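Chains as they are written, first to last, in the deposited numbering: chain G, 116 to 117, 124 to 229; chain H, 1 to 118, 124 to 229; chain E, 1 to 229; chain D, 116 to 229; chain C, 1 to 229; chain L, 1 to 229; chain K, 1 to 229; chain B, 1 to 118; chain R, 1 to 118; chain A, 1 to 106.
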């Protein structure tokens, strides 16, 4: 009974407060207009917008979050971790008809 | 800028449920509204979309034909009708406003859990065995609970074909099965042994308990 | 032997919901049936119990007056009517057969999530005060910090003093304005997300709990307080 | 048993004795003197468990070489403060003030930032 | 620029010890060199100072007549000779270069631990009196408690009364024997680890400090006292 | 029943030290006496043993050939001669009476700290690498961090790759200069206290341990390594 | 451009060994040459350095006084004389050319393993304590585990309590024997390879680190400790 | 009952090396002693064996004519003289007591790494 | 520091008897306790021993399968249950504290005579 | 020259499961003089089973050897975390001792 695949890396990151977290999102095809977003999700809560348009940081998001990349390789960097930043992070492409998400990276 | 969600709960398979999301703080008449779901221990997954009308509504194949997205702009409310529910629809469903190039999913509902649900687990070991002709294959099936009457069977399946009975009742070799196949064990620990492998014996092997009303299979061991 | 639960879902504060539990495989009409709930990330908590006809139904003190347990032995079904719901009722609710000395809660329903919320949340500016406690002597300096999760527009931040059993007293408003009648030893400063209350030389009447408060939007929030002892 | 009546030294009183703070917060440490510290000859030291003290500030407000900008001292006369603007995990230690304005050097009893 | 320390260790009371501090990276012969110490869990404390030929050497009051600071500029070495050591001298000792208005103690040695101790315990019988203070009126009853960490063999426990400026006075011995001349209102009781002194009707002359005292072994110990005021 | 220990202190590497332990309260001449040490923040570690003069003295591999345990039964004294000391000998050393089946280590000395060091009050430049582990697939990006406790002068920081059983291989020096023969997918950056090594697209031959290394002073230090899996 | 290393092997504690490193392809006589070592399963650690004539040779505190670095520029050979060897010297030793700002350690020898040991192919009895940490409150039960890699003959296993800054204190010996003066709330049990220490109801004086200890052979070993908080 | 091994290290091809194994806790004079080696990442491989005076010493084909096993019963010591070394001889070498029907290789030395490289 | 003995007397062959030893003045719960006997006119003879929980209890060959040593640490008491008594068991029986290297049998009971006769 | 062939080369299992290891000889092993060794990373081999079925002193009962002639088996009834290692079989029936190539239990 019956698109563009997003692959995040690494699957897991173990870090301490103050350290840098670098997250990868690699698309199977080029993401037109760089319509790629990053969300933060804490356990039991709704996802939270961090960055959209690949590099645009949402209102109220601390400057320690930053996105980069174009085409098929995008990266989210958390420059100096706080203990409330430990969560699962998803990338998301909205450049087509069938929006897709990465499967998430756990930052513990 | 709120989205107030309601609904959900625990229902039997094939049942019905309706989800709603009430918006405030923005011009809901013009906003693109989506539904997103998340199965337990899984990732985020898009479900449906609705726009101005103008309304080419979109659905994922997982839900197209059973779900209905709709909106009433006079009440600033988004709806998702869920019919013919199945255990694989169990997930937390989020309503979300889609802002595209000006914020993607910038506003999310709180999410509501929809669970469609209501035994004996078989664990086989090892997951894989790499062997040569003439060598010994030893297979284990470990049950979460004792298998009454030793009602445990072993099947061999070669690619693209139906399973074939090798052993049943823990120790009974089926008709036509070569003597190199042998089963043993009781209670919760059972073993299948292939004494000297042949090239046609390389296949996937399943154990099977039929001691109750909810039959279960092991997850299979691939012998390559 | 099985208990099939249904119901639950997401509801608004003050709303109503009914839970049901359909039993099979045992003499339901004779069994004592309980409801047990578990708040998110918390432990198990008994809610209610019902038994044979001629026995008392029992409730936990939190729900006495709001919840009603009942049973229909003709349908082998247990019910829980939940009225006057509040966010503290948010939990997974289990039906369970009680066997006492013959198995305690030996059969459990699968549990259904009941979430009671009005749409949170949220956009609220979170105020964090530090430290939680300051141990000082008269004559010494007390420096209190209030950090906001987002910028406080117009620096609409206030400081209050509260002594035990009394209403709060306004000390500072607009971040730096000392209210009329407040001694000059109190002073506020800071802007954006970083604010400070300074008591230059403590007096014995200055030992109290101090709260910061932002009123820059429609959702006013308070810090959790710093105790100066 | 005593080698002299006093004891007439400058007494430094640090406040508070203990500060429980999170990384990113600001620590404001106070050092009060019983008499005026001439030339503002007051210094601050950071000491971690098992290590020697480490100079942070001298002459009340001058940062020692290698001390990050988030440390800052101020004050004069009898009232001195050390301020750590944004606490890093490596900043949690015990801090001492120290007056060297006479022939009887004295220290504060320290403030533990934890 | 470094100071390399050496010496220290564990010695018995009344012993002697010499610390050393070798310098490099600066003109040691012109530098003012100090010694600073820090008892375990306590703060920093200045000890001694030495400077140019033509200046005075200084010592803290507690070490005057016991410690001697000296220097050998030909070997760029600072010394501290420590005599008449007692338990109060236990500390980590630091040598430090004093820069005055150009850096205070800007260079420190890594420190060496000096421990003055004749033993390692500790295993005495600890007596704990309760309460520390009793505010009572004449005619009331005072019940004083003395708890031992180990059993007091033969119940060899005594009680003493001491008034300000006077020697202690025996009240009770052998846990329950009233000394000759002690009024009958005093009475001792208990055994093993739990002992009590009871003053049935307080007279004005009964307000004083009271000590318990075990003499069941070769290491006699006292309670820390209960003040009946 | 007591062991009075003495000795220890701060000494230079390669130096010598003698520890003593004076016994009282038991027949020392018959007792087996051991030395036990404890490195800072570590567990207990046996050092040496001595018994009657018809048995053999025993040493741990850590100290055998450099330390000498001995006893003078006429003075009820145990000795430990510590020669050719190394920074690995830094620990608190305990003398202890060994009673075997009749009490194991039932009597301990209080312990004396022995620190073997040639350094001053300052610390070496500490490099902290993060994360400790990275699990990635071929084609993906690896971003490695090296943070220094002090600023690294001239950006004298290097990166090495080490595969199992092989010597380290230089990848990057002067923070950003790629060594000869190193593929362009390796690149370093950063200055002062924050450095990064980036592998743009991982190949299967890139899975190894990576170390950072600062050479800006006379005391070279390495990071503890990041394993890329 | 090559460094050909040789030497190493398995040696007894206190023995001697000499490592060599033969250079070719560069002007060795002018080069700064270092030795670097790596303990099994550990990171890189600098050992020693030698340079032109007119410069100092340098050693790490771990080896200073026992090791001697030297060179014979007429044979383009680097040497490391290793005397008074100890178990902590066990590592793979690398010779390396140091280029500073022109390549850091740009050329490495292949490395040779030096193992310093007196033991046979059997391992000492390894004690593993679990859990590493227990967070409890006064009045609660503490259950501590000690598991041995081999059977402990005669159940010669002891338990010690150690508080910060103090010597260990014997609690239990012979697996189950409670020492004199130890409260009855301490009790040990188990045999062979599985041992347990139980504190029936914790008191505030019981919060410390606890070690197990086997004395069933000539090689005494300790567990790594369980901290009770 | 133990075997204390010594020797090994890094040598160049064509070099020579002697390994030692000192026994204690049993009557070494009566035991058959073997050498076993294990190349990095590979399996165990028998090298040589020696027994009482009057019995045959044996060698693996890969070392016959290059290695010499010997024993000094007065010193309770086993030796392996390794000549004409090549990169293939790179391995951890173990001495072991051979107990046959009463325990095969029941006592092993801790092993020493021999690396042959230039 | 003493051991209080009780029991004994005159019994018939095949009979049974239980001896007791009550200790005071030392940590009995941790002590190794032995029974020693001495036939009339003859020498001392070790009978049995008991120690901490986790140790082996031991018996002389002449009493194995007939005598049982036991202790009640809560009562600081040592016992010897003597079954299948024969005329050769006639002796004065002593309990004794065993101090090993710190005093061998340094504390003795006063002894009780057991006579087996018909 | 007796060749010993172990199978499988690798066994991926969880704690609590049973590991069944096989050693098959190219010739009959006289007197069943076959031994099994356990080797952990960086350590010397350790005797587990000798004479095909004799469990060495100190070896836990969960290890058991069986078989004869040319077909031998080592069985670990319930894997513990310390049991994950490489296991070698070894025949000492002739003057040319040989080893299997090992089975890694991970």
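Here a beta-carbon is modelled for each residue, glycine too, at the ideal position from N, C-alpha and C.
Taking 8 Å as the CB threshold, residue 112 of chain K lines the interface with chain B. In the three-state scheme derived from DSSP, where H, G and I count as helix and E and B as strand, residue 51 of chain L is classed as coil.
The residue from B:56, B:72 and B:43 with its alpha-carbon nearest to that of residue 21 of chain B is B:72. Boundaries of the beta strand (DSSP E) around residue 67 of chain B: 67 to 72. Under DSSP, residue 18 of chain R shares a beta bridge with R:81. Chain-ordered listing is empty here: chain G has no CB closer than 9 Å to the CB of residue 85 of chain H, the nearest sitting near 16 Å. The three-state reading of DSSP puts residue 26 of chain L in coil, since its state is none of H, G, I, E or B. Look at residue 229 of chain K here: in three-state DSSP terms it is coil, with no helix or strand label. Proximity of residue 103 of chain H to chain G, defined by a Cβ-Cβ separation below 8 Å, is satisfied.
Shown here is that no member of the segment 163 to 188 of chain K has a Cβ falling below 8 Å from a Cβ of chain A. The shortest CA-to-CA distance from residue 6 of chain H to any of H:106, H:22, H:67 and H:221 is the one to H:22. If you look at residue 116 of chain R, you'll find it in the beta strand (DSSP E) that goes 112 to 116.
Only exposed fits residue 128 of chain C, as fewer than 16 other CB atoms lie within 10 angstroms of its CB.
Inclusion of residue 56 of chain A and residue 110 of chain B in the CB contact set at 8 Å is not warranted, their separation being larger than that value. Within 8 Å of the CB of residue 3 of chain H, the CB atoms of chain E belong to 119, in sequence order along the chain.
Contact annotation: residue 9 of chain B and residue 19 of chain B have beta-carbon atoms that are not nearer than 8 Å.
In this structure the segment 47 to 59 of chain B does not lie against the segment 200 to 209 of chain K, because fewer than three pairs of beta carbons, one per stretch, are closer than 8 Å. Contact of residue 222 of chain D with chain C is assigned, a C-beta pair being separated by under 8 Å.
By DSSP's assignment, residue 178 of chain D forms a beta bridge with D:172. In the structure shown, the three-state DSSP call for residue 70 of chain K is strand.
In the displayed model, residue 223 of chain C falls within coil according to three-state DSSP, outside both helix and strand. By the 16-neighbour rule on beta-carbons within 10 angstroms, residue 13 of chain L is buried.
Under a criterion of Cβ atoms nearer than 7 Å, the residues of chain K adjacent to residue 4 of chain B are, in order, 118 and 120.
Taking 8 Å as the threshold, the shortest C-beta distance from residue 129 of chain L to chain D does not fall below it. Per DSSP, the beta-bridge partners of residue 128 of chain C are C:147.
For residue 215 of chain L, the nearest CB of chain K lies under 8 Å from its own CB, placing it at the interface with that chain. When DSSP states are grouped into helix, strand and coil, residue 9 of chain H belongs to the strand group. Bridge pairing for residue 186 of chain K: K:199 [DSSP]. With fewer than 16 other CB atoms across the displayed protein chains lying within 10 angstroms of its CB, residue 132 of chain E is exposed. For residue 5 of chain B, the enclosing beta strand (DSSP E) stretches over residues 2 to 6. Nearest CB-CB separation between residue 9 of chain A and chain B: not below the 8 Å threshold.
Between residue 159 of chain E and residue 122 of chain E, the C-beta spacing is not below 8 Å.
DSSP places residue 163 of chain D outside both helix and strand once states are collapsed to three, so it counts as coil.
Looking at L:87, L:166, L:144 and L:155, the one whose alpha-carbon comes closest to that of residue 110 of chain K is L:166.
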